[PDB]
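A short worksheet on the structure shown next.
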Amino acid sequence: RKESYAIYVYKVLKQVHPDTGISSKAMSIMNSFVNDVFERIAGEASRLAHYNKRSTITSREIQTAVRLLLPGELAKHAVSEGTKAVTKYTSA
Amino acid sequence: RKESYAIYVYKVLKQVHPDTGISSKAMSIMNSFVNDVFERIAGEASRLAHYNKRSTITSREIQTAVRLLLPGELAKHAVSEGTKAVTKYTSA
Amino acid sequence: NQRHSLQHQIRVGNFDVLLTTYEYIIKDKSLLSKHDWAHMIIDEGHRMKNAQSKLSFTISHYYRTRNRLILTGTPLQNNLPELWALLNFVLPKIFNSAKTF
Amino acid sequence: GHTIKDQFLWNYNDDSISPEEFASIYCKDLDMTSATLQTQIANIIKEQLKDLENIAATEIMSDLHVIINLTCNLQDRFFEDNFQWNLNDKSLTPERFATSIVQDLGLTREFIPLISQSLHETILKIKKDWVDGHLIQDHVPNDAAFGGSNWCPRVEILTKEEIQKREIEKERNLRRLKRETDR
Amino acid sequence: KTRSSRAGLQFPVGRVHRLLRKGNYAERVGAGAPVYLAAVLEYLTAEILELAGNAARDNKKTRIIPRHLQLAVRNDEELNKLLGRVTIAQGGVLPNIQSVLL
Amino acid sequence: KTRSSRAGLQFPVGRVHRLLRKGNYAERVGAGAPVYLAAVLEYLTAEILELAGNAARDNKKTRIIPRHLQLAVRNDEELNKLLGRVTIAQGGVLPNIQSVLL
Amino acid sequence: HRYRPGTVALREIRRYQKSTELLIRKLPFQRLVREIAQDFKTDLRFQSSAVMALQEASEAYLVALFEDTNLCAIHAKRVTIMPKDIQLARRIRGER
Amino acid sequence: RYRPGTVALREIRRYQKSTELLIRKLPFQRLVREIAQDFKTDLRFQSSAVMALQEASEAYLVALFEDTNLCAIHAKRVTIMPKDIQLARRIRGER
Amino acid sequence: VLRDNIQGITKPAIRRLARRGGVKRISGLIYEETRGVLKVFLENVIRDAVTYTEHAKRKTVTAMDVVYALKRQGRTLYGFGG
Amino acid sequence: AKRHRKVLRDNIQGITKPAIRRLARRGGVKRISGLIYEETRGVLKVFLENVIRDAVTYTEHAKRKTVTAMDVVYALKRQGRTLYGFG
DNA sequence: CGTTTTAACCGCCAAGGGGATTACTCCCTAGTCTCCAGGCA
DNA sequence: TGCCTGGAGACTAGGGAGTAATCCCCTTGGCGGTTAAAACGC
């Protein structure tokens with residue numbers, strides 16, 4: 001097997017645009033972008049938890065990470081959505 | 001207790017010129033430089049061992065990190081010193 | 001330009017035999033594939049060897065004939081790695097059974 | 001060499017002037033009369049109509065409440081404001097609400113045909129998603145128990161310093177907001 | 001019962017949590033960090049995909065190509081600031097001729 | 001008995017080993033890698049202090065000040081290329097006259 | 001029928017900025033990559049994806065540097081890039 | 001009055017020889033506090049933090065002045081203009 | 001309450017900075033541009049430092065957080081920590 | 001010459017003048033001087049030298065002899081320039 | 001812009017060499033406990 | 001100079017790393033043919 005973010009990006013695209021498709025090259029580019037953002041946020045949260053002498057990566061660490069990396073509006077909406085997701089995860 | 005490379009930098013300085021002194025500001029500068037270089041080399045070696053799916057940081061990883069980070073002659077001198085050091089550590 | 005002029009002059013098929021090369025079979029497939037063929041003869045059959053080659057694939061996709069003649073001065077390579085390819089090119093006998101031989 | 005920018009409401013339900021006579025007088029007034037300009041005007045205000053003729057405030061018959069957050073700009077002292085507006089109400093027309101706003105504040109007369117029009121456009125947007133998933137959740141800005149430290153959300157101030165970035169910001173917000181409905 | 005459905009997302013919460021665990025970023029990982037990270041990732045992906053779809057529809061194309069991704073990331077100033085140091089293969093450069101050269 | 005004495009270096013290999021362990025850089029760490037890294041750091045600090053002492057002796061000073069360290073870093077092209085992005089307190093880089101702006 | 005200089009240049013600029021085709025041939029760039037890698041280690045193999053990524057990165061860096069030197073030349077009230085323009089661009093970028 | 005250009009050279013030599021601070025403490029501290037009031041109110045600052053901010057500001061401004069000086073030299077100009085700084089920040093990739 | 005303190009940075013300060021940088025002649029319009037770029041740089045650095053402090057549950061900005069912010073934007077500052 | 005063609009064209013000359021011309025046209029340059037070619041060739045040579053050295057070090061650390069695409073991706077990512085569409 | 005040249009691109013032929021695999025071994029480092037002297041106040 | 005905790009030594013083991021066995025696919029080197037691209041000149 002070989003794991004990838006292809007089907008998830010495809011589902012998001014079909015949920016935002018039901019007509020327009022996506023090619024293999026664009027899918028690989030999107031997967032690389034997702035991996036880059038993931039590793040950026042992970043390293044940010046890791047060094048943030050290290051600066052506070054902590055050892056548990058929690059929602060606050062990822063929130064600070066996205067507030068530091070994503071500039072301006074891209075931050076705000078994101079964290080809002082994030083909070084929303086968190087709240088929904090507390091619902092079930 | 002707090003840790004610092006002050007005494008070690010002082011000893012290294014005394015092993016080059018015993019008459020030349022050093023100020024507290026320069027000592028803190030050297031300590032911060034040591035910390036920054038150590039963090040750089042450690043992160044480089046960690047990501048190198050991760051690229052090879054390894055879980056053990058060995059002398060080869062640090063050697064590759066030094067050859068990637070230090071430019072030219074510095075890198076050569078560093079790797080030579082490291083080899084001599086590990087040889088002297090394995091001899092005893 | 002001379003090839004295009006010749007193709008234009010004979011675009012209606014006012015010819016008896018068309019003699020071309022594999023390079024012209026491939027490059028000019030956009031014009032020659034429109035005509036149907038009944039019998040084809042290919043010389044230097046040793047280059048046709050690969051069944052998945054661009055030459056054989058182009059021959060298959062461009063047109064379909066009933067009689068196929070292969071001429072060559074020496075049999076397939078000693079190790080006969082693509083003998084089944086020549087067999088399928090010649091007759092539909094080993095096409096569906098070559099994998100077990 | 002000069003560009004023209006303006007807004008106006010048509011009310012196409014009557015027929016006393018055509019999109020050609022309006023341009024015939026709008027360019028004669030500006031004294032930039034040109035056949036290409038009159039045709040350019042009749043080539044833009046007709047598509048707006050045909051695109052918006054399908055949406056009318058009739059047969060709504062639904063007590064709907066929405067937090068209208070609009071922003072106006074007249075290339076000097078632009079402003080933004082958000083309040084509670086109840087659909088399915090015919091007593092208060094946006095023109096009267098605009099006259100009230102221009103009367104209470106120290107605003108020139110030219111702001112009356114600016115806040116009303118931009119408000120109608122919002123109404124059309126509120127009616128656009130009404131043709132589909134437009135369920136009205138209890139969206140409140142403030143209360144006391146059922147359905148106030150300060151009125152920081154409820155602001156009608158005017159600002160000279162341009163925050164000329166809302167166009168992308170609103171589109172950024174709107175695109176995510178639309179996907180929020182589906183879940 | 002997958003946690004993505006509980007949280008209401010389309011991204012794999014379990015895969016993100018596993019990548020956070022085996023990535024040696026820390027010794028422990030909470031339960032809200034994976035869902036939060038997946039939310040940020042899916043928001044960014046949805047924004048980029050929406051912009052790419054709009055760009056493709058403007059170019060009357062129904063299949064997104066790297067050119068559309070480049071146009072969408074360079075038109076929006078926010079993503080341009082975010083991915084300014086990142087080059088995209090087969091994306092080219094946006095057409096921009098100087099006034100002194102026209 | 002300290003392992004640094006066996007290796008022959010003055011830097012504490014035990015401290016570097018502990019930092020690499022509790023630094024969450026990997027799941028396991030070797031035994032020769034801390035000694036190697038300590039030797040690299042010792043050589044780097046030796047070069048820096050040697051150049052700083054040379055600069056101080058050139059300026060007729062009996063102590064090392066941040067100005068001497070800055071001069072030693074900016075003079076050597078190798079360290080300049082290595083330390084190009086880092087800024088150091090007590091700045092100023094190189095006294096130089098431009099031949100075109102006399 | 002001849003055109004005055006400058007118009008065909010603008011047409012080519014528009015054509016190249018519109019398209020995304022590669023402006024460097026595959027085999028010469030691959031041979032140059034192999035020659036440059038011979039100096040670091042001999043008898044080294046190369047995947048097609050590796051040389052393709054190298055070509056893409058090189059073209060991206062080159063077009064970025066060309067945009068920068070064009071801006072630098074326009075700052076000098078000129079329409080001709082010069083070696084000193086590229087040198088100034090590389091010195092300001094810090095990758096000298 | 002000397003010929004314009006010699007006091008400039010003397011100041012160049014003096015400031016490149018010295019290693020002192022060029023920005024006063026209190027104005028920079030007030031500016032930092034004013035800028036920090038926007039992101040969060042009722043904050044406090046340490047002297048070391050303000051000193052580090054001042055050192056970083058001085059280093060960045062000296063680097064930018066070197067870059068704009070080179071840019072002005074390229075345009076056959078001994079004087080610097082705002083367009084030079086704008087070009088420097090555009091080439092650096094931050095404008 | 002502090003507001004409109006950018007005037008604290010005065011023309012002699014910018015002149016001294018330019019002399020340190022090697023500038024021989026400075027136009028009168030340079031000061032505004034230097035003040036603006038200084039304001040935006042301080043805005044970015046102080047925003048990052050305030051985020052660091054808020055994450056650290058502290059009420060006092062420290063030099064360590066300033067060093068971390070400079071590393072985030074990308075630069076290392078010796079002599080103050082980190 | 002009938003004896004031999006005597007062709008010794010260097011490998012660095014593979015990137016020819018029209019290639020650099022197309023690159024400059026894509027970059028937005030109207031008129032190009034005649035000395036730009038050698039300068040950009042040297043710049044490209046230095047950049048390729050750096051990237052190839054980094055990729056060779058990366059692939060040698062893993063004891064492999066084939067320079068893969070991921071090695072070049074990591075080499076580019078190290079220098080602060082991430083490339084997409086290859087891994 | 002023209003005219004002359006020629007090397008790049010698609011197509012074929014052959015081979016062998018690392019990059020993949022899986023299976024077995026093995027010893028290095030992660031602990032855990034017990035001293036202790038180099039490092040800190 | 002005095003004090004102590006991080007560092008060091010001895011014992012245990014298991015899992016990651018080293019080494020052998022296996023094989024095919026990607027690569028390398030070369031040639032044919034065509035022609036759009038590269039070179040030289042005014």
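Identifiers in this document derive from the order of the structure tokens: chains are assigned A, B, ..., residues are numbered from 1 separately in each chain, and ligands are numbered from 1 in order of occurrence.
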Checklist entry - as a PyMOL selection string, which residues of region 19-75 of chain I does DSSP assign to helix (DSSP H, G or I)? => result chain I and resi 19-21+30-55+63-73
Give me a file of those residues, with N, CA, C and O atoms, as a compact mmCIF listing (two decimals), in the first residue's frame.
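That gives us part-v7.txt:
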```
# COMPACT_ATOMS: atom_id res chain seq x y z
N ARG I 19 24.89 57.20 8.02
CA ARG I 19 26.34 57.34 8.09
C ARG I 19 26.99 56.03 8.51
O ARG I 19 28.08 55.69 8.03
N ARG I 20 26.35 55.29 9.41
CA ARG I 20 26.85 53.96 9.76
C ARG I 20 26.76 53.02 8.56
O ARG I 20 27.65 52.20 8.34
N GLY I 21 25.69 53.14 7.77
CA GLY I 21 25.54 52.34 6.57
C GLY I 21 26.37 52.78 5.39
O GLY I 21 26.40 52.08 4.38
N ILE I 30 13.69 60.60 2.66
CA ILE I 30 14.12 59.28 3.13
C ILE I 30 13.56 58.99 4.51
O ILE I 30 13.19 57.84 4.81
N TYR I 31 13.46 60.01 5.37
CA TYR I 31 13.11 59.79 6.77
C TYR I 31 11.73 59.14 6.91
O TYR I 31 11.55 58.25 7.74
N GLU I 32 10.76 59.58 6.11
CA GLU I 32 9.42 59.01 6.19
C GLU I 32 9.43 57.53 5.81
O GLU I 32 8.78 56.71 6.46
N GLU I 33 10.18 57.17 4.76
CA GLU I 33 10.24 55.78 4.35
C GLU I 33 10.93 54.91 5.40
O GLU I 33 10.47 53.79 5.68
N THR I 34 12.02 55.40 5.98
CA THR I 34 12.68 54.65 7.05
C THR I 34 11.75 54.48 8.24
O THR I 34 11.69 53.40 8.83
N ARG I 35 11.02 55.53 8.61
CA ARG I 35 10.08 55.42 9.72
C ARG I 35 8.98 54.41 9.41
O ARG I 35 8.58 53.63 10.29
N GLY I 36 8.50 54.39 8.17
CA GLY I 36 7.45 53.44 7.81
C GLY I 36 7.93 52.00 7.85
O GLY I 36 7.24 51.11 8.37
N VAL I 37 9.11 51.74 7.28
CA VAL I 37 9.63 50.37 7.29
C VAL I 37 9.97 49.94 8.71
O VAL I 37 9.76 48.77 9.08
N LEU I 38 10.47 50.86 9.53
CA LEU I 38 10.71 50.55 10.94
C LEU I 38 9.40 50.22 11.65
O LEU I 38 9.34 49.27 12.44
N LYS I 39 8.34 50.97 11.36
CA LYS I 39 7.05 50.72 11.98
C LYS I 39 6.52 49.35 11.60
O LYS I 39 6.02 48.61 12.46
N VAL I 40 6.61 48.98 10.32
CA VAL I 40 6.07 47.69 9.90
C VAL I 40 6.91 46.54 10.46
O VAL I 40 6.37 45.50 10.87
N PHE I 41 8.23 46.71 10.50
CA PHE I 41 9.09 45.67 11.07
C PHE I 41 8.80 45.47 12.55
O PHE I 41 8.66 44.34 13.03
N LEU I 42 8.71 46.57 13.30
CA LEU I 42 8.38 46.48 14.72
C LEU I 42 6.99 45.90 14.92
O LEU I 42 6.76 45.14 15.86
N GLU I 43 6.04 46.24 14.04
CA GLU I 43 4.70 45.67 14.14
C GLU I 43 4.75 44.16 14.02
O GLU I 43 4.17 43.44 14.84
N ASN I 44 5.45 43.65 13.00
CA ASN I 44 5.54 42.20 12.82
C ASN I 44 6.22 41.53 14.01
O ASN I 44 5.71 40.54 14.56
N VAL I 45 7.37 42.06 14.43
CA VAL I 45 8.13 41.43 15.51
C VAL I 45 7.34 41.46 16.81
O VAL I 45 7.30 40.46 17.55
N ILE I 46 6.69 42.58 17.11
CA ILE I 46 5.94 42.71 18.35
C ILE I 46 4.68 41.86 18.31
O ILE I 46 4.26 41.31 19.34
N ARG I 47 4.06 41.70 17.14
CA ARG I 47 2.92 40.79 17.03
C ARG I 47 3.34 39.36 17.33
O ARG I 47 2.67 38.64 18.08
N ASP I 48 4.47 38.92 16.76
CA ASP I 48 4.96 37.58 17.05
C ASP I 48 5.31 37.42 18.53
O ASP I 48 5.01 36.38 19.14
N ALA I 49 5.93 38.44 19.12
CA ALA I 49 6.29 38.37 20.54
C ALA I 49 5.05 38.33 21.43
O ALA I 49 5.02 37.62 22.44
N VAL I 50 4.01 39.09 21.07
CA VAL I 50 2.78 39.09 21.84
C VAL I 50 2.08 37.74 21.73
O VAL I 50 1.53 37.23 22.71
N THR I 51 2.12 37.12 20.55
CA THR I 51 1.58 35.77 20.41
C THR I 51 2.35 34.79 21.28
O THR I 51 1.75 33.94 21.96
N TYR I 52 3.68 34.89 21.29
CA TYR I 52 4.50 34.02 22.14
C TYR I 52 4.15 34.20 23.61
O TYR I 52 4.02 33.22 24.35
N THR I 53 3.99 35.45 24.05
CA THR I 53 3.66 35.71 25.45
C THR I 53 2.27 35.16 25.80
O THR I 53 2.08 34.55 26.86
N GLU I 54 1.30 35.39 24.92
CA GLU I 54 -0.05 34.88 25.16
C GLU I 54 -0.06 33.36 25.25
O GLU I 54 -0.79 32.79 26.06
N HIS I 55 0.74 32.69 24.42
CA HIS I 55 0.84 31.24 24.52
C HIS I 55 1.51 30.81 25.82
O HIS I 55 1.17 29.75 26.36
N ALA I 63 13.02 38.92 26.63
CA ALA I 63 13.98 38.89 25.53
C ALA I 63 13.98 37.55 24.82
O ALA I 63 14.24 37.48 23.61
N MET I 64 13.70 36.46 25.55
CA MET I 64 13.62 35.15 24.93
C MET I 64 12.52 35.11 23.87
O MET I 64 12.71 34.53 22.79
N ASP I 65 11.37 35.72 24.16
CA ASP I 65 10.28 35.74 23.20
C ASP I 65 10.63 36.59 21.98
O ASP I 65 10.24 36.26 20.86
N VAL I 66 11.37 37.68 22.19
CA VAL I 66 11.81 38.50 21.06
C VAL I 66 12.78 37.71 20.19
O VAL I 66 12.71 37.77 18.95
N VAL I 67 13.68 36.95 20.81
CA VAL I 67 14.61 36.12 20.05
C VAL I 67 13.85 35.05 19.27
O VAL I 67 14.16 34.77 18.11
N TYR I 68 12.83 34.45 19.90
CA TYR I 68 12.03 33.44 19.21
C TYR I 68 11.26 34.05 18.04
O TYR I 68 11.13 33.42 16.99
N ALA I 69 10.77 35.28 18.20
CA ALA I 69 10.07 35.94 17.10
C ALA I 69 11.03 36.25 15.95
O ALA I 69 10.67 36.08 14.78
N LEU I 70 12.24 36.71 16.27
CA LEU I 70 13.23 36.96 15.23
C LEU I 70 13.60 35.67 14.51
O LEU I 70 13.81 35.66 13.29
N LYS I 71 13.69 34.56 15.25
CA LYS I 71 13.94 33.27 14.62
C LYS I 71 12.77 32.84 13.74
O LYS I 71 12.96 32.20 12.70
N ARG I 72 11.54 33.18 14.16
CA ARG I 72 10.37 32.86 13.36
C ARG I 72 10.39 33.59 12.03
O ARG I 72 10.24 32.98 10.96
N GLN I 73 10.56 34.92 12.07
CA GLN I 73 10.76 35.66 10.82
C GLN I 73 12.06 35.24 10.14
O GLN I 73 12.19 35.35 8.92
```
Checklist entry - Hey, what's within 10 Å of region 32-35 of chain L if we count only C-alpha atoms (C1' of nucleotides) and toss same-chain stuff fewer than 5 positions away? As JSON, numbers by chain, please? => result {"C": [22, 23, 24, 27], "K": [8, 9, 10, 11, 12]}
Checklist entry - Counting only C-alpha atoms (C1' of nucleotides), what is within 9 Å of residue 27 (chain L), bar same-chain residues fewer than 3 positions away, as an MDAnalysis selection string? => result (chainID G and resid 45:47) or (chainID K and resid 17)
Can you write out the residues you just picked, keeping N, CA and C atoms (P, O5', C5', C4', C3', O3' and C1' of nucleotides), as an mmCIF file, in the first residue's frame?
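Wrote again_34.cif, looks like this:
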```cif
data_model
loop_
_atom_site.group_PDB
_atom_site.id
_atom_site.type_symbol
_atom_site.label_atom_id
_atom_site.label_comp_id
_atom_site.auth_asym_id
_atom_site.auth_seq_id
_atom_site.Cartn_x
_atom_site.Cartn_y
_atom_site.Cartn_z
ATOM 1 N N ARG G 45 24.233 7.542 -10.971
ATOM 2 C CA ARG G 45 23.069 7.447 -11.834
ATOM 3 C C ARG G 45 22.059 8.538 -11.486
ATOM 4 N N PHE G 46 21.121 8.766 -12.403
ATOM 5 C CA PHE G 46 20.158 9.850 -12.263
ATOM 6 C C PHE G 46 18.807 9.407 -12.797
ATOM 7 N N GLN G 47 17.757 9.666 -12.024
ATOM 8 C CA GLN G 47 16.402 9.412 -12.481
ATOM 9 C C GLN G 47 15.902 10.581 -13.321
ATOM 10 P P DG K 17 27.290 -4.411 -13.685
ATOM 11 O "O5'" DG K 17 27.003 -3.132 -12.771
ATOM 12 C "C5'" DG K 17 26.179 -2.080 -13.264
ATOM 13 C "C4'" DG K 17 25.244 -1.574 -12.179
ATOM 14 C "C3'" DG K 17 25.499 -2.143 -10.792
ATOM 15 O "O3'" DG K 17 25.166 -1.175 -9.811
ATOM 16 C "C1'" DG K 17 23.356 -2.816 -11.534
#
```
With chain I as the partner and 6 Å as the cut-off, tabulate the residues of chain H that qualify, each row holding the nearest pair of atoms and their distance in Å to one decimal, using only C-alpha atoms, sorted by chain and rising number, as a Markdown table.
```
| residue | atom | partner | partner_atom | distance |
| --- | --- | --- | --- | --- |
| H:8 | CA | I:24 | CA | 5.5 |
| H:12 | CA | I:19 | CA | 5.0 |
| H:15 | CA | I:20 | CA | 5.0 |
| H:16 | CA | I:20 | CA | 5.4 |
| H:23 | CA | I:13 | CA | 6.0 |
| H:27 | CA | I:8 | CA | 4.8 |
| H:31 | CA | I:5 | CA | 5.5 |
| H:34 | CA | I:2 | CA | 5.2 |
| H:43 | CA | I:59 | CA | 5.8 |
| H:44 | CA | I:60 | CA | 4.6 |
| H:45 | CA | I:61 | CA | 4.9 |
| H:46 | CA | I:62 | CA | 5.8 |
| H:48 | CA | I:63 | CA | 5.5 |
| H:49 | CA | I:63 | CA | 3.9 |
| H:62 | CA | I:21 | CA | 5.1 |
| H:65 | CA | I:21 | CA | 5.3 |
| H:66 | CA | I:21 | CA | 5.1 |
| H:69 | CA | I:23 | CA | 5.9 |
| H:79 | CA | I:25 | CA | 4.8 |
| H:80 | CA | I:26 | CA | 5.6 |
| H:82 | CA | I:30 | CA | 5.6 |
```
Checklist entry - If we count only C-alpha atoms (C1' of nucleotides), what is near region 10-25 of chain L at a cut-off of 12 Å, once residues fewer than 3 positions away on the same chain are taken out, given as a PyMOL selection string? => result (chain B and resi 53-58) or (chain F and resi 27-30) or (chain K and resi 16-35)
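Using only C-alpha atoms, the smallest distance between any of F:73, F:50, F:85, F:90 and chain G comes from F:85.
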Checklist entry - Using the chain letters and numbers from this document, which residues of chain F does DSSP assign to strand (DSSP E), as a VMD selection string? => result chain F and resid 28 to 29 63 to 64 87 to 88
Checklist entry - Excluding same-chain residues fewer than 3 positions from region 40-50 of chain D, what lies within 12 Å of it counting only C-alpha atoms (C1' of nucleotides), as a VMD selection string? => result chain D and resid 4 to 13 18 to 27 33 to 37 53 to 56 121
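Closest approach to chain E among J:21, J:3, J:26, J:78 is made by J:26 (distances from only C-alpha atoms).
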Next on the checklist: Using only C-alpha atoms and a distance of at most 12 Å, pull out the residues of chain F that contact chain A, as a PyMOL selection string.
Outcome noted: chain F and resi 22-25
Please produce a file of those selected residues containing N, CA and C atoms, as a short mmCIF file (atom, residue, chain, number, x, y, z; two decimals), in the first residue's frame.
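Generated output (part14.cif):
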```cif
data_model
loop_
_atom_site.label_atom_id
_atom_site.label_comp_id
_atom_site.auth_asym_id
_atom_site.auth_seq_id
_atom_site.Cartn_x
_atom_site.Cartn_y
_atom_site.Cartn_z
N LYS F 22 16.71 14.22 25.69
CA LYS F 22 15.51 14.94 26.08
C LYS F 22 15.11 16.02 25.08
N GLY F 23 15.81 16.13 23.95
CA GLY F 23 15.47 17.10 22.93
C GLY F 23 14.45 16.65 21.92
N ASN F 24 14.03 15.38 21.99
CA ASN F 24 13.03 14.82 21.09
C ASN F 24 13.44 14.98 19.62
N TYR F 25 14.69 14.63 19.34
CA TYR F 25 15.18 14.64 17.96
C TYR F 25 15.05 13.27 17.30
#
```
Would you mind listing, as a tab-separated table (two decimals) with C-alpha atoms, in the first residue's frame, all residues of chain B that have at least one atom within 10 Å of chain K, where only C-alpha atoms (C1' of nucleotides) are what counts?
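The result, stored in part_24.tsv:
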```
chain	number	residue	atom	x	y	z
B	1	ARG	CA	20.51	24.49	38.53
B	2	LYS	CA	21.15	26.25	35.23
B	3	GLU	CA	23.50	24.99	32.53
B	7	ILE	CA	33.56	27.42	31.68
B	56	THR	CA	18.99	5.96	15.74
```
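All residues of protein, DNA or RNA that reach within 8 Å of residue 32 (chain G), judged by only C-alpha atoms (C1' of nucleotides) and not counting those fewer than 5 positions away in the chain, are residues 11, 12 and 14 of chain J.
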Checklist entry - chain D residues within 10 Å of chain E, counting only C-alpha atoms: which ones, as a count of residues only? => result 6
Item to check | Selection: 9 Å around residue 13 (chain K), only C-alpha atoms (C1' of nucleotides), excl. self and same-chain fewer than 6 positions, as a ChimeraX atom specification | outcome: /C:47 /L:30-31
Prev. selection, C-alpha atoms (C1' of nucleotides), output as a PDB file, in the first residue's frame:
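This is the output file selection_17.pdb:
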```pdb
ATOM      1  CA  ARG C  47      12.439  -4.581 -36.242  1.00  0.00           C
TER       2      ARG C  47
ATOM      3  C1'  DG L  30      23.971   3.718 -29.195  1.00  0.00           C
ATOM      4  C1'  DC L  31      21.844   4.275 -33.589  1.00  0.00           C
TER       5       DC L  31
END
```
Checklist entry - Given a cut-off of 12 Å, which residues of chain A touch chain B, counting only C-alpha atoms, written out as a PyMOL selection string? => result chain A and resi 39+43+47
Using only C-alpha atoms, find each residue in chain B having at least one atom no more than 7 Å away from chain J; report its shortest atom-to-atom pair and that distance in Å (one decimal), rows by chain then rising number, as a tab-separated table.
```
residue	atom	partner	partner_atom	distance
B:52	CA	J:62	CA	6.5
B:64	CA	J:61	CA	6.5
B:68	CA	J:54	CA	6.8
```
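The space between CA of residue 82 (chain G) and CA of residue 20 (chain G) spans 25.8 Å.
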Item to check | Two-atom distance - CA of residue 62 (chain B), CA of residue 79 (chain B) (Å) | outcome: 9.2 Å
Using only C-alpha atoms (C1' of nucleotides), what table do you get, as CSV, when you list each residue of chain L with an atom no more than 12 Å from chain J, its nearest pair of atoms, and their distance in Å rounded to one decimal, rows by chain then rising number?
```
residue,atom,partner,partner_atom,distance
L:26,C1',J:66,CA,10.3
L:27,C1',J:66,CA,9.4
L:37,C1',J:18,CA,9.2
L:38,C1',J:16,CA,7.9
L:39,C1',J:17,CA,10.1
```
Put those residues in a file: N, CA and C atoms (P, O5', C5', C4', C3', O3' and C1' of nucleotides), as an mmCIF file, in the first residue's frame.
```cif
data_model
loop_
_atom_site.group_PDB
_atom_site.id
_atom_site.type_symbol
_atom_site.label_atom_id
_atom_site.label_comp_id
_atom_site.auth_asym_id
_atom_site.auth_seq_id
_atom_site.Cartn_x
_atom_site.Cartn_y
_atom_site.Cartn_z
ATOM 1 P P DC L 26 10.130 0.858 -13.667
ATOM 2 O "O5'" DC L 26 11.018 2.180 -13.529
ATOM 3 C "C5'" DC L 26 11.896 2.327 -12.421
ATOM 4 C "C4'" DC L 26 13.338 2.435 -12.886
ATOM 5 C "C3'" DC L 26 13.581 3.455 -13.999
ATOM 6 O "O3'" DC L 26 14.182 4.624 -13.462
ATOM 7 C "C1'" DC L 26 14.849 1.423 -14.285
ATOM 8 P P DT L 27 14.562 5.853 -14.424
ATOM 9 O "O5'" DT L 27 16.069 5.543 -14.863
ATOM 10 C "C5'" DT L 27 17.036 5.186 -13.881
ATOM 11 C "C4'" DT L 27 18.254 4.550 -14.527
ATOM 12 C "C3'" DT L 27 18.956 5.421 -15.570
ATOM 13 O "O3'" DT L 27 20.172 5.933 -15.038
ATOM 14 C "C1'" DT L 27 18.789 3.110 -16.243
ATOM 15 P P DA L 37 10.594 24.726 -32.892
ATOM 16 O "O5'" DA L 37 12.115 25.014 -32.489
ATOM 17 C "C5'" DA L 37 12.810 24.098 -31.653
ATOM 18 C "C4'" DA L 37 14.299 24.109 -31.952
ATOM 19 C "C3'" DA L 37 15.010 25.437 -31.665
ATOM 20 O "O3'" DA L 37 16.125 25.217 -30.808
ATOM 21 C "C1'" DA L 37 15.569 24.628 -33.822
ATOM 22 P P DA L 38 16.871 26.459 -30.113
ATOM 23 O "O5'" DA L 38 18.290 26.518 -30.850
ATOM 24 C "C5'" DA L 38 19.239 25.480 -30.637
ATOM 25 C "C4'" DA L 38 20.393 25.577 -31.621
ATOM 26 C "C3'" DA L 38 21.234 26.853 -31.528
ATOM 27 O "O3'" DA L 38 22.610 26.519 -31.689
ATOM 28 C "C1'" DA L 38 20.437 26.597 -33.720
ATOM 29 P P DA L 39 23.764 27.549 -31.251
ATOM 30 O "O5'" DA L 39 24.713 27.618 -32.536
ATOM 31 C "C5'" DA L 39 24.143 27.590 -33.837
ATOM 32 C "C4'" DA L 39 25.191 27.872 -34.897
ATOM 33 C "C3'" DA L 39 26.015 29.122 -34.666
ATOM 34 O "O3'" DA L 39 27.231 29.032 -35.399
ATOM 35 C "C1'" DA L 39 24.427 29.494 -36.402
#
```
